[PDB]
Amino acid sequence: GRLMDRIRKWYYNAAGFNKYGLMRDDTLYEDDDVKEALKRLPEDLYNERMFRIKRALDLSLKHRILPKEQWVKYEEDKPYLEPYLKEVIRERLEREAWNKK
Amino acid sequence: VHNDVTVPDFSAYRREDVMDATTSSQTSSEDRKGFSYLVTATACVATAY
Amino acid sequence: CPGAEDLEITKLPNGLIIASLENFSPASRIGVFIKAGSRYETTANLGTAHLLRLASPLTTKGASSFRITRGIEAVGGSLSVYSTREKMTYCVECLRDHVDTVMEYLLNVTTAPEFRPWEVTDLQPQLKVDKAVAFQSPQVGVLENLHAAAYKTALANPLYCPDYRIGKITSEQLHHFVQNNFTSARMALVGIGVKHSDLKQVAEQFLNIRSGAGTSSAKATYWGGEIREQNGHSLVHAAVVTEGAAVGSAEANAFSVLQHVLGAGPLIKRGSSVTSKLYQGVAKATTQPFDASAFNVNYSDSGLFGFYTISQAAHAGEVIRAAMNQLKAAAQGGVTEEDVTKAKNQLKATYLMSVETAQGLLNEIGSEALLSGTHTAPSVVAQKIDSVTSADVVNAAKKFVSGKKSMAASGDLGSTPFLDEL
Amino acid sequence: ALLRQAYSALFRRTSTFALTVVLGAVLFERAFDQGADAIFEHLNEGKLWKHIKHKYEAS
Amino acid sequence: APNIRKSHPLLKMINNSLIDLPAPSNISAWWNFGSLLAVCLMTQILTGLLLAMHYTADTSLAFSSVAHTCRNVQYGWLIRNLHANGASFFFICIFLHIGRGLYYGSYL
Amino acid sequence: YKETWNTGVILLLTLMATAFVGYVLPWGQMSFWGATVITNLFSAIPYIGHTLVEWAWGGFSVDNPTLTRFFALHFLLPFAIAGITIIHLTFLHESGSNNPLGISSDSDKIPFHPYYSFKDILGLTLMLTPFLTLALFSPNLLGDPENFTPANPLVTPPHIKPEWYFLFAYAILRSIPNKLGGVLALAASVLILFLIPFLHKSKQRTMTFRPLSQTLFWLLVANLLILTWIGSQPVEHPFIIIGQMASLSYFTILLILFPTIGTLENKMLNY
Amino acid sequence: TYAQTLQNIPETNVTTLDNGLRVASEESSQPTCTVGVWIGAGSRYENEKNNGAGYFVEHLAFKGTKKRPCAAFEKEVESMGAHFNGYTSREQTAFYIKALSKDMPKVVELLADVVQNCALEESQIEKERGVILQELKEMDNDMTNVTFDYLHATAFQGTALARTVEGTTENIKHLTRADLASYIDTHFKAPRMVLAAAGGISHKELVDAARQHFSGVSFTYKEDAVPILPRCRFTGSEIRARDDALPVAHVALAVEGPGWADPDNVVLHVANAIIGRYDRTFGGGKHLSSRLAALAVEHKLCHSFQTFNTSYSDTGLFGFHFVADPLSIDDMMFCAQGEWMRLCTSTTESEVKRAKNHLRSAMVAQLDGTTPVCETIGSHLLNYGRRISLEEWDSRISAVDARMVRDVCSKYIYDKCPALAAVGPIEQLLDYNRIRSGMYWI
Ligand code: HEM
Ligand code: HEM
Ligand SMILES: CSC1=N[C@@](C)(c2ccccc2)C(=O)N1Nc1ccccc1
């Protein structure tokens, strides 16, 4: 049924990164794979990500959040980095596999 | 030009076994090194002691 | 226990030509010939062909950038791309037992490129480097200017991406180029050390970018300009040409012979070229080191003919004028009937040696199998060459002295004469 | 060919060079102590409790 | 960075002061006292701690705790000699270090 | 930030040794007996144990040579702490500080001065009030009255309990009724910290946006509260069982729940 | 298949004219062919007084003979569409011609006339004296070659291999018509030469024209005697030519190699194949199989680098050479020495497998045309005293494995004193001692 979907939507809202206007992908820890993926983002997607983050850090220092009407909605969260990230990890594993003789 | 350049003569310094230009220096290499390394290993022994 | 063999050559319905040959050599050398080049670029996408050439190792729909390089190296293979203003060749070499392996890559590269934006951005600074090493030979620089003075369009475009465009070429531009030029009817899949049934099979079952003649290139319009690059070098390189013959143009061989009659490169190490009208003539004029040769290029719809010199700055004047007289003098019957005999030897020899190396052979086969899906017998070619009268040659020589000329010179041009003083 | 043999077997590999320094120190110690201890006692014959002891020992 | 000796934040330091450090090819024995002084320092500290672990700072126990050290502590007497003379070694070296400096105008 | 973290764990261990050798100096009953209980822990190590202990003591029990060497150590260690702090901060500057959102702050940084110099001086005076209030109005609120009695080698206090900051660890030591097993449990209770970096499964750095991990985090904190409390009580029912529970859940939360929940959370985000 | 193609390659035929000369040739069906004479001579055979003679001769070997002066000689060769080239190295010299098989015989006559009756025109000599002096100034700007000369200059200091092929300025300014004459007579002798040809030629027809123009037979046993040269002592050392005015720096490091006849060379070549080579135009970039190459790309360690196994009769130079900016020398040298250690210590089966394939196609590529195949023949008989088929090489290459590579490399590289040559802005290259230490553990 819609159990998994129900759960995911609950968590999304429970997590709360959307109160800062951040997309799920804006919250990823920048390990090696993520760093490489970021470098592949198109100019505009990259500049938009940057603004959202700079803006959230501002909210964080002010100890405020966005007005409830600007919170990102679970179904409008754009997974802008996931596609790239997947390719990156896919490539890395290939190299890794291939370098094992 | 570089053609007019030659390595000076180091006979006043060469170890006895590599003094002769027409003799392979590889045959005395293990002795030349074994000796120097012996001194070192010995110092390590004295030091460890 | 292998022996002789045939030079087969099918030609599928879509127009894709397939020429193979089995010489039982332990090494195979397949290639994809294509009618593409800076010739098809326009002001808007200048240099896109150059970059496309360097883009061969980028990821494709079938292989990743990493696997293309690792895969080929895995079996001691190689992958390279040579190109002229009007043709591009993608070839791979490797030991016989690996033709399958190496094939997948050659295929992917020419028909399934992904031109990922990031990969492309990263590669563009290479154009500067590539171009930098190429330009170390003065030769390359004046030949660029030469074509820019010779034509107003198509063949006028440089073979190396102009500076203002390094970093500005886009992925869409690379895709559009490959889509409008790498069409089945402008490509030829030539192979050596392989079996036709095999090579033929690979083509039809794998080559998908489809048919058409794609975007056709504009006609080459002659200009007859003059470009002078004053850069202070002690030596002055200069080339003077005239519209010569086109590929296949009957008047071709005539120039080829007039070329060898005038002087087409040295034959003896550190030796003088006596059989060289042009060299010998220039030699008599100046005392200092120099070099003169008959320049000759044949393109699809045009060609260029003339002489290329290299000389000290102060003697550039006399050296170039001396080269001119040797051309007039030749235009005025000053061509022995024996000269034409010798030249026909050097020409038959040269052509024959050209095909000794795998690279030269594959290129011979492919080039023709591309511009006419056929193959002239080394006898018919010889037959066509020697059947060139001394008249023909003297005529070619005339067409030069009478036709409009274009010149290009670089170095300390302080004493280099202008085209209108020749 | 001791220097030669020594080099190949002991001094070439950095690992073997280390084991040689350990056993060397072990053997050296045993030998050096005993020798030095002798040289000292010899230069002092009859003066150490080692020498006098027997006179009053009576356990 | 391809080699750790240069990239690592700690090794980088050992490398820039004791391995890849550029030194004049012609410095004499008068340039040895710097490192000797450094070793005296490490030495004095080491023996000093060993002594401190048996010392007692009270006018009624000071003198005797030092005696207790030299008479009862295993190698106590040795450690005390090394510390006491080490101080002299330290001054010998500092005076030569200074002399070198004055002579060669290191004070510049 | 692994190197900063690891040197951080070394700093904790060094601070602890310092406090231990420092606490012995006044030589009251608690100083003596606690020093006896602790030093005797090392005798649990098989084979070399008894040997190391007597070595550390400089005799057959905590005595004068133990005191003078402890003074020297207490005098020295604070400086090792200062030195290692420099290393701590040196590794830290390779990356600069992390921040509450766990996302890069390169797009919004500010000079330490005057922002944090002022913020830090403020923090100093805020925490200085409780310190001084305690120090000047309740000097002995946190200390055992037993330490106002000169050490007596022949009389052991009825209730030997450690300083508040070592209680939780003590509770863990007692959870395992086996001498050597308790030592290991104690060792692990602190060395577990070296393992934390390898148990991170979240795709996000902080717990700010991870509600499940947050609950898990406070359970852990409360679990430490219970251990602290249990460590101040005598070994008797119900304490003994409550103690073992808390010890057990302490290691469980860190070794199993955190990484497990971390993975579970990644899936709820569709990663 | 591959194996089959190797077995079906026409055999190389050899015969000897009892005057001491050997005639070898591989037959194919090509209307074109290359034939030439490979002489076992070079700068190594010279000495302090006649150094650069063999080079001086290489300049006249084409300016005419006795039977036919300059113009005549040239015209005749040119007019038949044949190419006349040649070269002189330290232990080998060669003069060869490219032309139509239809002239194999006239060419053989031409070759013989060159090696036997060089005119040595007194006036031409003074003319070439000035030309050779101009080539020495041109070559002096070829850092790569200035660097390899220096590598030999120090690696074999005190011996013959220490001299450059072109010779000294003094020698070139004073070599006499008599000296060159003497040189030719002393060295260009039948037993020390090889008539090699490849293409569409009859071995018997070749050998015949050979008998006709290379006829002079020997009576004594000393006339069939090929003089064994005195050994050249290798010396671990360094020569540093510093000029911070040069844009990039060149560096070459090497250890003594075995020498032609040694089977180990098959392994050293496989080894060099693992390390490979690189230059800023290799499209492969950061994905290249060569670890050193990958690092070079990632860290921008150099403009280029190459490995090499230069053989000789009794010795050789096994090492590498790189060009880098003054500020990346140290890291490059570090990674380079690092890869050499990995060779002796941790080579993999996968690594050799690849290197073996790369090596096979490398050998096959050295037989791409008549001239290169002819060069193989001249060289093989002159160095192994016999032709070595691709099938044999392949047989040997196939036997190589990781273990073997480690053993052989450990043998020639591990803890050895190397020869170092550095030119240009080399202030960053650390001292000998530090480099010497890079020779062990890793
Ligand atoms: C710059 C290094 C040092 C110098 C120059 C130095 C010098 C001295 C001198 C002059 C003495 C007297 C020796 C005597 O009895 O005649 C002394 C005593 C002592 N020092 Fe140091 N010392 C140094 C470091 C230390 C340190 C770091 C400690 C301990 C942590 C220390 C602990 C002691 C102790 C305990 C004594 C008293 C016992 C004794 O006199 O033997 N010292 N030191
Ligand atoms: C004497 C003990 C210590 C001192 C003086 C000390 C000092 C500091 C300083 C000055 C900072 C920067 C400011 C801050 O973020 O608070 C810092 C950061 C840090 N320290 Fe410590 N520290 C100590 C112990 C520890 C311990 C015990 C740990 C962990 C086991 C630790 C982990 C860290 C880490 C990981 C940071 C990074 C902070 C961030 O997220 O940006 N420190 N420490
Ligand atoms: C010298 S006794 C001691 N040192 C303290 C300050 C300490 C111990 C361990 C680690 C750091 C600090 C402590 O609490 N005690 N007391 C005590 C009482 C009973 C049982 C154990 C310790």
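About the thresholds
Numbers given to residues start from 1 along each chain, in the order its sequence is written, and need not follow the entry; residues that have no coordinates are not shown. Going through the entries in the order they are written, you letter the chains from A and number the ligands from 1. Shown here is a subset of chains from a larger assembly, with all values computed for this subset only. Note: side-chain values were computed over all heavy atoms of the structure, leaving out hydrogens and water. Residues with missing side-chain atoms are left out of burial classes, side-chain pairs and their counts. We count a stretch as a helix when DSSP gives it H or I for four or more residues in a row; a strand needs E for two or more, and each element gets its number in order from the N terminus. Here a polar contact is taken to be a pair of N or O atoms separated by no more than 3.5 Å, where protein atoms must pair a possible hydrogen donor with a possible acceptor and residues adjacent in sequence count only if both atoms sit in side chains. Whether two residues are in contact is decided by their heavy atoms: any pair within 4.5 Å suffices. Buried area, as used here, totals the accessible surface that two parts lose on assembly, with accessibility defined by a 1.4 Å probe and the loss added over both. Salt bridges, as used here, are contacts in which a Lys or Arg side-chain nitrogen is within 4 Å of a carboxyl oxygen on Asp or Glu. Polar here means any residue outside two lists: the nonpolar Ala, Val, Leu, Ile, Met, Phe, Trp, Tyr, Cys and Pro, and the charged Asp, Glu, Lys and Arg; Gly therefore counts as polar. For this purpose, a residue is taken to be near a molecule or strand whenever a single non-hydrogen atom of the residue falls within 4 Å of it. Helix span is expected to be 1.5 Å times the residue number reduced by one. The buried label applies to any residue whose accessible area, calculated with a 1.4 Å probe on protein chains only, is under 20% of its type's maximum; exposed applies above 50%, and partly exposed to all values in between. When two rings of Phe, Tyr or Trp (its six-membered ring) have centres within 6.5 Å they constitute a pair, described as stacked for plane angles under 30 degrees, edge-to-face for angles over 60, and tilted for the intermediate range. For a ring to carry a charge above it, either NZ of a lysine or CZ of an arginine must fall within 6 Å of the ring centroid while also lying within 35 degrees of the normal to the ring plane.

- Structure determination for this entry, per the PDB record, employed X-ray crystallography and reached 2.79 Å resolution.

A short note on the side chain of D415 of chain G
Point 1. Within the secondary structure, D415 of chain G is located in the loop between α16 (402-412) and β12 (419-424).
Point 2. Within the local environment of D415 of chain G, its side chain forms a polar contact with the side chain of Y37 of chain B, the two groups lying 2.9 Å apart.
Point 3. Polar contacts involving the side chain of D415 of chain G include one to the side chain of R436 of chain G, which spans 2.8 Å.
Point 4. Aside from chain neighbours lying at most four places away, what touches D415 of chain G is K33 and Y37 of chain B, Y7 of chain D together with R436, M439 and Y440 of chain G.

Topic: the interface of chain A and chain C
Point 1. Contacts between the two partners involve eight residues from chain A and, on the opposite side, seven residues from chain C.
Point 2. Between chain A and chain C, a total of about 750 Å² is buried, with carbon and sulfur atoms accounting for 61% of that surface.
Point 3. Of all residues in chain A, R40, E94 and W98 of chain A bury the most surface against chain C, accounting for 60% of the area lost on that side.
Point 4. Connecting chain A to chain C are two salt bridges.
Point 5. Here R116 of chain C and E91 of chain A are joined by a salt bridge, their closest N and O atoms 3.0 Å apart.
Point 6. Inspection of the region where chain A meets chain C yields four residue pairs in polar contact.
Point 7. Looking at the side of chain A that touches chain C residue by residue, the class counts come to two nonpolar, one polar and five charged.

Focus on the site of ligand 1
Residues and elements named next belong to chain E.
Point 1. Close contacts around ligand 1 come from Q44, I45, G48, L49, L51, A52, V66, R80, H83, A84, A87 and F90, and that covers them all.
Point 2. Contact between ligand 1 and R80: an oxygen atom at 2.6 Å from a side-chain N or O atom of the residue.
Point 3. Separating a nitrogen atom of ligand 1 from a side-chain N or O atom of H83 is a distance of 2.7 Å.
Point 4. Secondary structure elements with two or more residues in the shell around ligand 1: α3 (33-52) and α5 (76-103).
Point 5. By residue number, the principal contributor to the shell around ligand 1 is α3, which donates six residues.

Quick word on α5 of chain E
All names here are of chain E.
Point 1. Given a rise of 1.5 Å per residue, 28 residues ought to cover 40 Å, and the 41 Å separating the end C-alpha atoms of α5 matches this to within 8%.
Point 2. Buried within α5 we find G76, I79, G86, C93, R100 and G101.
Point 3. After α5 finishes, the residue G105 shows a positive phi value of roughly 60°.

Topic: the packing of aromatic side chains
Point 1. Enumeration over the complete set of coordinates arrives at 49 aromatic pairs over all chains.
Point 2. With a centroid separation of 6.0 Å and an interplanar angle of 85°, the aromatic rings of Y90 of chain C and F182 of chain C are classed as edge-to-face. One end of the pair, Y90 of chain C, is in strand β5 (residues 88-95); the other, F182 of chain C, is in the loop between α7 (171-181) and β6 (187-192), with 92 residues separating them in the sequence.
Point 3. For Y90 of chain C, a relative accessible area of 1% translates into the label buried.
Point 4. Using a relative accessible area of 1% as the deciding quantity, one classes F182 of chain C as buried.
Point 5. Within the aromatic cluster, the residues linked to one another by ring pairs are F62, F73, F84, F95, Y183 and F188 of chain G.
Point 6. In this structure, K405 of chain C packs its charged tip against the face of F400 of chain C, placed 5.4 Å from the ring centre.

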